[PDB]
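[1] Pasting the sequence and an experimental structure:
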Amino acid sequence: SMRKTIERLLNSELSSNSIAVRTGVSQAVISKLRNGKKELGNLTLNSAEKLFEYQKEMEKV
Amino acid sequence: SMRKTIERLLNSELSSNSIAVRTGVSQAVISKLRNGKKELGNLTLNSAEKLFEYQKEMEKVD
DNA sequence: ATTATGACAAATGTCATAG
DNA sequence: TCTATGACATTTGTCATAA
C-alpha cells in the first residue's frame, strides 16, 4: 500500500463515490479523507490495499 | 507497506521486542500479530510502513 | 448520480504490568 | 532478556442518512 499512489487516487478528478464503488471502501471514509477529517495513516491495511490496487490498475493503462 | 513483506518480518526469527525497538512499533502489537490475536489488515498504514521499512533494510543484506 | 456527516460495534496505538 | 495481557483514549469499518 504505497502512500504516494493512494495519494494520487485521493487527489484524482475521479468522484469520491465512484472511487468508493470500485474500491469497495465507504464513500464516507473517502470524503472524510479528501476533506481532512480522517488521516491516511490511520487506515486499515485492508482498506489501504484496496485503494492502492484501484489506482495501480489505472496507471498501467 | 506490502502485506507480504510485513508477513515475512512476522515469520522472521527476530525477537518481537527486537523488531519493536528498531521499528518503533510496540512489542505488544507484533506479539499479538504473531499470536494471531490481531489481523495485519486491521493495522494502520503508519505502523505498517514502519515494519515495512525495517524488512526492506534487512532485504538489502540478502 | 453526487456530496457531506454521523452512530456504533469493534477494533487500534501507546502506554503500562505481569509472568 | 523475552512474551503475554490489558487499560484507555481514540479511531476504525460498516452502515446508514440527508441534501
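    Sure, I can see it. Numbering: from 1, shown residues only, chains lettered A, B, ... in the order given.
[2] Every contact and neighbour count from this point should use C-alpha atoms.
    Will do.
[3] What segments of chain A are helices?
    A:3-10, A:16-23, A:27-35, A:45-60 (DSSP state H).
[4] Reformat those as TSV; add distance to residue B:20 and mean neighbour count.
    Output for these, formatted as TSV (distance: least, Cα to Cα, whole Å; neighbours: other Cα atoms under 10 Å in any protein chain shown):
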stretch	distance to residue B:20	mean neighbour count
helix A:3-10	22	17
helix A:16-23	32	16
helix A:27-35	29	16
helix A:45-60	19	17
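[5] got JSON lines for those, with distance to residue B:37 too?
    Formatted as JSON lines, those follow (distance: least, Cα to Cα, whole Å):
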{"stretch": "helix A:3-10", "distance to residue B:37": "26"}
{"stretch": "helix A:16-23", "distance to residue B:37": "27"}
{"stretch": "helix A:27-35", "distance to residue B:37": "26"}
{"stretch": "helix A:45-60", "distance to residue B:37": "16"}
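[6] between those helices, which gets nearest to residue B:38?
    helix A:45-60 (12.3 Å; Cα to Cα).
[7] Let me know the angle separating the closest one from helix A:16-23.
    100 degrees (axes from the mean of the first three to the mean of the last three Cα atoms, to 10 degrees).
[8] packing partners for helix A:45-60?
    Applying 3 or more Cα pairs under 8 Å, 6 or more residues apart in numbering or on different chains; DSSP states H and E, we find helix A:45-60 packed against helix A:3-10, helix A:16-23, helix B:45-61.
[9] can you list the residues that contact it?
    Residues from elsewhere that reach helix A:45-60 (Cα atoms under 8 Å, 6 or more residues apart in numbering or on different chains): A:1-2, A:5-6, A:8-9, A:22-25, B:3, B:40-45, B:48.
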